[PDB]
Amino acid sequence: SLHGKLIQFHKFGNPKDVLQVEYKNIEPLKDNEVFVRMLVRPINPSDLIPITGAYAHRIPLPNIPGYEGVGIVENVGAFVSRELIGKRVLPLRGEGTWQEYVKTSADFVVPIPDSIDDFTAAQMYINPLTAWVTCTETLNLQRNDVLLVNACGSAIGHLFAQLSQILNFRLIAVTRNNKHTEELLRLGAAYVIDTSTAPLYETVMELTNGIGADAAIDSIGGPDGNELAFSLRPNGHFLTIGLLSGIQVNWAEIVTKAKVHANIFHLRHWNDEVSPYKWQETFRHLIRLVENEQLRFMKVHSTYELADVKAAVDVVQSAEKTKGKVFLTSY
């Protein structure tokens, strides 16, 4: 009987301690399911957070990590078109992707055109959808708005730089160092504030002629996030997308002292706030942007077979890690 390899953890903790390589028997498919043999998944920093137990109450154990990647449809359930078999797809919003075979509902299978290589496709979901949605919906940025983005040397940071050109707004990148400065400028960032060298609040004030920015996206929290919120104009919009520091911003002061609107963005929630139709249409749009070369993703850092996940994760978590995305491959 057909068996599939999978990466699983049975307890939360450091991924190096809890990740196991295992095998499972393959169950029959349910009526609306699509069964996909995986080719490539990225190791995103956001794939590791659930392993650590930060979301204990919503992640059942044991669990298969991985939110994204690309594969080939091998089989479909009774109610699904069998023309899908053989197609390259992202099997999203279903099972964990760090395994040999992934199932998800037909509703959330994203077709990938022959034009797009596996490694680009494997990066299409988490960072691009977050960047696109926050820009076009959550903040609904207008022509010439001034957007602040911290931790901007990240994958998503590089996308915000490109979206500023696509959507005609002004990005002020905020970074911890100068490691990504050249790349961010090339990609379209209007300015890069390197906070190891320049003061955040005062520089934004210079760049905006004392008005402050229109919107800000915080990935860090704590003192860094608070300073980012305070660099906005009154009635500007502050959005958090991450918590790298582990420390909540001072929500009360941001509202009463800085007079800004503040929200928290979760792709988890956005996914449930839109129809499957809209969700698919949004992917069709990102795919066009990639095809037209308006949007480009990170280059490949290194590649590892699924069995070597522990080594791969160590590279991702390493302080010396160089630029680019690490992938788990299954060719």
# chains A, B, ... in the order shown; residues from 1 in each chain; ligands from 1
>>> select_by_dssp(residues="stretch 179-269 of chain A", states="strand (DSSP E)", output="ChimeraX atom specification")
/A:191-194,213-218,232-240,261-264
>>> residues_around(residues="residue A:253", least_positions_apart="6", cutoff="10 Å", atoms="only C-alpha atoms", output="list in words")
residues 226, 229, 230, 259 and 260 of chain A
>>> closest_residue(among="A:158, A:58, A:24, A:41", to="residue A:305", atoms="only C-alpha atoms")
A:41
>>> closest_residue(among="A:125, A:119, A:108, A:251", to="residue A:298", atoms="only C-alpha atoms")
A:119
>>> select_by_dssp(residues="stretch 23-193 of chain A", states="alpha helix (DSSP H)", output="PyMOL selection string")
chain A and resi 45-48+118-121+126-133+155-166+181-187
>>> closest_atom_pairs(of="stretch 64-114 of chain A", to="stretch 6-23 of chain A", cutoff="7 Å", atoms="only C-alpha atoms", output="CSV")
residue,atom,partner,partner_atom,distance
A:64,CA,A:8,CA,4.6
A:65,CA,A:8,CA,6.9
A:98,CA,A:7,CA,5.9
A:99,CA,A:6,CA,4.0
A:100,CA,A:6,CA,6.0
>>> write_last_selection(atoms="N, CA, C and O atoms", output="compact mmCIF listing (two decimals), in the first residue's frame")
# COMPACT_ATOMS: atom_id res chain seq x y z
N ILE A 64 2.29 18.70 10.98
CA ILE A 64 3.25 18.73 9.85
C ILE A 64 3.53 20.20 9.51
O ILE A 64 2.60 20.92 9.20
N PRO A 65 4.79 20.66 9.60
CA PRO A 65 4.96 22.09 9.31
C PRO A 65 4.89 22.45 7.81
O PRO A 65 4.93 21.57 6.94
N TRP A 98 5.44 20.22 4.40
CA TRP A 98 6.72 19.57 4.45
C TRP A 98 6.56 18.06 4.52
O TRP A 98 6.90 17.42 5.52
N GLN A 99 5.99 17.53 3.45
CA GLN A 99 5.78 16.09 3.34
C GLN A 99 5.72 15.73 1.87
O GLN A 99 5.62 16.60 1.00
N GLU A 100 5.74 14.43 1.60
CA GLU A 100 5.88 13.93 0.26
C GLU A 100 4.61 14.23 -0.52
O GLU A 100 4.67 14.64 -1.69
>>> residues_around(residues="residue A:184", least_positions_apart="3", cutoff="9 Å", atoms="only C-alpha atoms", output="ChimeraX atom specification")
/A:152-153,157-158,161-162,173,180-181,187-192
>>> residues_around(residues="residue A:103", least_positions_apart="6", cutoff="7 Å", atoms="only C-alpha atoms", output="PyMOL selection string")
chain A and resi 33-36+91+94-95
>>> write_last_selection(atoms="N, CA and C atoms", output="tab-separated table (two decimals), in the first residue's frame")
chain	number	residue	atom	x	y	z
A	33	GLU	N	-11.26	16.69	-2.37
A	33	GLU	CA	-9.80	16.78	-2.10
A	33	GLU	C	-8.93	16.64	-3.34
A	34	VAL	N	-7.76	17.28	-3.30
A	34	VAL	CA	-6.78	17.18	-4.37
A	34	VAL	C	-5.52	16.62	-3.69
A	35	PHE	N	-4.84	15.67	-4.34
A	35	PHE	CA	-3.72	14.94	-3.75
A	35	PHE	C	-2.47	15.28	-4.57
A	36	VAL	N	-1.46	15.92	-3.95
A	36	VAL	CA	-0.41	16.55	-4.72
A	36	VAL	C	0.96	16.03	-4.27
A	91	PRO	N	-0.72	23.58	-3.40
A	91	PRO	CA	-1.86	23.02	-2.62
A	91	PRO	C	-2.00	23.69	-1.23
A	94	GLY	N	-4.50	23.56	3.37
A	94	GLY	CA	-4.85	22.17	3.66
A	94	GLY	C	-3.81	21.65	4.62
A	95	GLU	N	-3.24	20.50	4.29
A	95	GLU	CA	-2.23	19.89	5.14
A	95	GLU	C	-0.90	20.62	5.11
>>> atom_distance(atom1="atom CA of residue A:137", atom2="atom CA of residue A:210")
26.9 Å
>>> residues_around(residues="residue A:26", least_positions_apart="6", cutoff="7 Å", atoms="only C-alpha atoms", output="list in words")
residues 2, 3 and 4 of chain A
>>> write_last_selection(atoms="N, CA and C atoms", output="mmCIF file, in the first residue's frame")
data_model
loop_
_atom_site.group_PDB
_atom_site.id
_atom_site.type_symbol
_atom_site.label_atom_id
_atom_site.label_comp_id
_atom_site.auth_asym_id
_atom_site.auth_seq_id
_atom_site.Cartn_x
_atom_site.Cartn_y
_atom_site.Cartn_z
ATOM 1 N N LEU A 2 0.391 2.297 -0.629
ATOM 2 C CA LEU A 2 1.161 3.527 -0.813
ATOM 3 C C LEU A 2 1.396 4.232 0.520
ATOM 4 N N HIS A 3 2.668 4.568 0.760
ATOM 5 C CA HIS A 3 3.116 5.247 1.965
ATOM 6 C C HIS A 3 3.772 6.566 1.546
ATOM 7 N N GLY A 4 3.773 7.535 2.445
ATOM 8 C CA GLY A 4 4.327 8.846 2.135
ATOM 9 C C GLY A 4 5.213 9.301 3.263
#
>>> closest_residue(among="A:280, A:130, A:317, A:105", to="residue A:241", atoms="only C-alpha atoms")
A:130
>>> atom_distance(atom1="atom CA of residue A:204", atom2="atom CA of residue A:172")
8.0 Å
>>> residues_around(residues="residue A:47", least_positions_apart="4", cutoff="10 Å", atoms="only C-alpha atoms", output="list in words")
residues 42, 43, 51, 52, 65, 66, 67, 68, 96, 97, 98 and 126 of chain A
>>> closest_residue(among="A:286, A:133, A:171, A:255", to="residue A:273", atoms="only C-alpha atoms")
A:133
>>> residues_around(residues="residue A:39", least_positions_apart="6", cutoff="7 Å", atoms="only C-alpha atoms", output="PyMOL selection string")
chain A and resi 70-71+329-331
>>> decode(residues="stretch 133-240 of chain A", atoms="C-alpha atoms", output="PDB file, in the first residue's frame")
ATOM      1  CA  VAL A 133      -3.235  42.572   0.562  1.00  0.00           C
ATOM      2  CA  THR A 134      -1.790  44.981   3.203  1.00  0.00           C
ATOM      3  CA  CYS A 135      -0.949  47.480   0.386  1.00  0.00           C
ATOM      4  CA  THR A 136      -4.156  47.256  -1.611  1.00  0.00           C
ATOM      5  CA  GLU A 137      -6.808  46.406   0.962  1.00  0.00           C
ATOM      6  CA  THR A 138      -5.825  46.783   4.583  1.00  0.00           C
ATOM      7  CA  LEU A 139      -4.020  50.096   4.095  1.00  0.00           C
ATOM      8  CA  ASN A 140      -5.503  50.784   0.642  1.00  0.00           C
ATOM      9  CA  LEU A 141      -2.510  52.975  -0.239  1.00  0.00           C
ATOM     10  CA  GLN A 142      -3.097  55.863  -2.594  1.00  0.00           C
ATOM     11  CA  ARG A 143      -0.823  57.356  -5.225  1.00  0.00           C
ATOM     12  CA  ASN A 144       2.140  59.081  -3.497  1.00  0.00           C
ATOM     13  CA  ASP A 145       1.350  57.868   0.016  1.00  0.00           C
ATOM     14  CA  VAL A 146       4.379  57.426   2.224  1.00  0.00           C
ATOM     15  CA  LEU A 147       4.729  53.876   3.661  1.00  0.00           C
ATOM     16  CA  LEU A 148       7.229  52.890   6.401  1.00  0.00           C
ATOM     17  CA  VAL A 149       8.273  49.204   6.595  1.00  0.00           C
ATOM     18  CA  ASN A 150      10.698  47.961   9.225  1.00  0.00           C
ATOM     19  CA  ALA A 151      12.773  44.741   9.149  1.00  0.00           C
ATOM     20  CA  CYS A 152      12.785  45.666   5.474  1.00  0.00           C
ATOM     21  CA  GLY A 153      15.801  43.502   4.605  1.00  0.00           C
ATOM     22  CA  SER A 154      13.403  40.524   4.836  1.00  0.00           C
ATOM     23  CA  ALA A 155      11.832  38.686   1.863  1.00  0.00           C
ATOM     24  CA  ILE A 156       8.619  40.632   2.366  1.00  0.00           C
ATOM     25  CA  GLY A 157      10.612  43.904   2.592  1.00  0.00           C
ATOM     26  CA  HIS A 158      11.979  43.320  -0.910  1.00  0.00           C
ATOM     27  CA  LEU A 159       8.425  42.841  -2.098  1.00  0.00           C
ATOM     28  CA  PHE A 160       7.159  46.087  -0.550  1.00  0.00           C
ATOM     29  CA  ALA A 161       9.982  47.873  -2.463  1.00  0.00           C
ATOM     30  CA  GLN A 162       8.707  46.461  -5.725  1.00  0.00           C
ATOM     31  CA  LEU A 163       5.039  47.094  -4.907  1.00  0.00           C
ATOM     32  CA  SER A 164       5.891  50.781  -4.330  1.00  0.00           C
ATOM     33  CA  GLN A 165       6.790  50.975  -8.061  1.00  0.00           C
ATOM     34  CA  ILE A 166       3.815  48.893  -9.161  1.00  0.00           C
ATOM     35  CA  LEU A 167       1.287  50.819  -7.030  1.00  0.00           C
ATOM     36  CA  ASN A 168       2.998  54.259  -7.220  1.00  0.00           C
ATOM     37  CA  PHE A 169       3.600  55.004  -3.556  1.00  0.00           C
ATOM     38  CA  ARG A 170       6.717  56.064  -1.741  1.00  0.00           C
ATOM     39  CA  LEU A 171       8.486  53.455   0.387  1.00  0.00           C
ATOM     40  CA  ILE A 172      10.723  54.351   3.222  1.00  0.00           C
ATOM     41  CA  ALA A 173      12.583  51.142   4.112  1.00  0.00           C
ATOM     42  CA  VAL A 174      13.737  50.798   7.713  1.00  0.00           C
ATOM     43  CA  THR A 175      16.539  48.279   8.257  1.00  0.00           C
ATOM     44  CA  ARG A 176      18.776  47.113  11.134  1.00  0.00           C
ATOM     45  CA  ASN A 177      21.921  47.422   8.985  1.00  0.00           C
ATOM     46  CA  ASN A 178      23.155  48.114   5.464  1.00  0.00           C
ATOM     47  CA  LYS A 179      23.148  44.492   4.192  1.00  0.00           C
ATOM     48  CA  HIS A 180      20.131  44.938   1.922  1.00  0.00           C
ATOM     49  CA  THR A 181      20.382  48.666   1.139  1.00  0.00           C
ATOM     50  CA  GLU A 182      21.613  48.352  -2.448  1.00  0.00           C
ATOM     51  CA  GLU A 183      19.084  45.649  -3.302  1.00  0.00           C
ATOM     52  CA  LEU A 184      16.188  47.639  -1.738  1.00  0.00           C
ATOM     53  CA  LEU A 185      17.089  50.782  -3.673  1.00  0.00           C
ATOM     54  CA  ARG A 186      17.407  48.787  -6.942  1.00  0.00           C
ATOM     55  CA  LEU A 187      14.030  47.230  -6.333  1.00  0.00           C
ATOM     56  CA  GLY A 188      12.419  50.596  -5.807  1.00  0.00           C
ATOM     57  CA  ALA A 189      12.666  51.820  -2.239  1.00  0.00           C
ATOM     58  CA  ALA A 190      12.674  55.663  -2.140  1.00  0.00           C
ATOM     59  CA  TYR A 191      15.020  55.725   0.877  1.00  0.00           C
ATOM     60  CA  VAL A 192      16.567  53.272   3.295  1.00  0.00           C
ATOM     61  CA  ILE A 193      16.895  54.165   6.941  1.00  0.00           C
ATOM     62  CA  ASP A 194      19.643  52.121   8.503  1.00  0.00           C
ATOM     63  CA  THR A 195      18.952  52.375  12.218  1.00  0.00           C
ATOM     64  CA  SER A 196      22.463  51.280  13.228  1.00  0.00           C
ATOM     65  CA  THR A 197      23.529  54.583  11.574  1.00  0.00           C
ATOM     66  CA  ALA A 198      20.527  56.969  11.443  1.00  0.00           C
ATOM     67  CA  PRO A 199      17.729  57.899  13.937  1.00  0.00           C
ATOM     68  CA  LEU A 200      14.331  56.562  12.828  1.00  0.00           C
ATOM     69  CA  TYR A 201      11.906  59.305  13.968  1.00  0.00           C
ATOM     70  CA  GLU A 202      14.051  62.303  13.001  1.00  0.00           C
ATOM     71  CA  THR A 203      14.880  60.948   9.514  1.00  0.00           C
ATOM     72  CA  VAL A 204      11.255  60.248   8.671  1.00  0.00           C
ATOM     73  CA  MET A 205      10.486  63.782   9.868  1.00  0.00           C
ATOM     74  CA  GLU A 206      13.155  65.145   7.457  1.00  0.00           C
ATOM     75  CA  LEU A 207      11.933  62.959   4.595  1.00  0.00           C
ATOM     76  CA  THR A 208       8.331  64.017   5.095  1.00  0.00           C
ATOM     77  CA  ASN A 209       8.927  67.752   5.745  1.00  0.00           C
ATOM     78  CA  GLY A 210       7.677  67.435   9.324  1.00  0.00           C
ATOM     79  CA  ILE A 211       4.359  65.838   8.397  1.00  0.00           C
ATOM     80  CA  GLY A 212       5.098  62.163   9.187  1.00  0.00           C
ATOM     81  CA  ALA A 213       4.346  59.158   6.987  1.00  0.00           C
ATOM     82  CA  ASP A 214       0.888  57.985   5.928  1.00  0.00           C
ATOM     83  CA  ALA A 215       1.165  54.323   6.944  1.00  0.00           C
ATOM     84  CA  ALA A 216       3.564  51.927   8.665  1.00  0.00           C
ATOM     85  CA  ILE A 217       4.050  48.151   8.702  1.00  0.00           C
ATOM     86  CA  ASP A 218       5.738  46.784  11.817  1.00  0.00           C
ATOM     87  CA  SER A 219       7.339  43.317  11.897  1.00  0.00           C
ATOM     88  CA  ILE A 220       9.305  43.877  15.121  1.00  0.00           C
ATOM     89  CA  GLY A 221       7.196  45.364  17.917  1.00  0.00           C
ATOM     90  CA  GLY A 222       8.500  46.761  21.243  1.00  0.00           C
ATOM     91  CA  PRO A 223      10.435  50.086  21.189  1.00  0.00           C
ATOM     92  CA  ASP A 224      11.128  49.741  17.417  1.00  0.00           C
ATOM     93  CA  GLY A 225       7.418  49.403  16.628  1.00  0.00           C
ATOM     94  CA  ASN A 226       6.478  52.301  18.958  1.00  0.00           C
ATOM     95  CA  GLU A 227       8.970  54.564  17.268  1.00  0.00           C
ATOM     96  CA  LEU A 228       7.597  53.482  13.863  1.00  0.00           C
ATOM     97  CA  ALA A 229       4.010  54.359  14.901  1.00  0.00           C
ATOM     98  CA  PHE A 230       5.152  57.729  16.217  1.00  0.00           C
ATOM     99  CA  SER A 231       6.668  58.538  12.817  1.00  0.00           C
ATOM    100  CA  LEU A 232       3.193  58.650  11.282  1.00  0.00           C
ATOM    101  CA  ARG A 233       0.981  61.676  10.749  1.00  0.00           C
ATOM    102  CA  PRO A 234      -2.069  62.013  13.018  1.00  0.00           C
ATOM    103  CA  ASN A 235      -4.765  59.706  11.634  1.00  0.00           C
ATOM    104  CA  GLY A 236      -2.110  57.662   9.817  1.00  0.00           C
ATOM    105  CA  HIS A 237      -2.504  53.899   9.784  1.00  0.00           C
ATOM    106  CA  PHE A 238      -0.177  51.593  11.772  1.00  0.00           C
ATOM    107  CA  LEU A 239      -0.319  47.879  10.964  1.00  0.00           C
ATOM    108  CA  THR A 240       1.585  45.036  12.637  1.00  0.00           C
TER     109      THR A 240
END
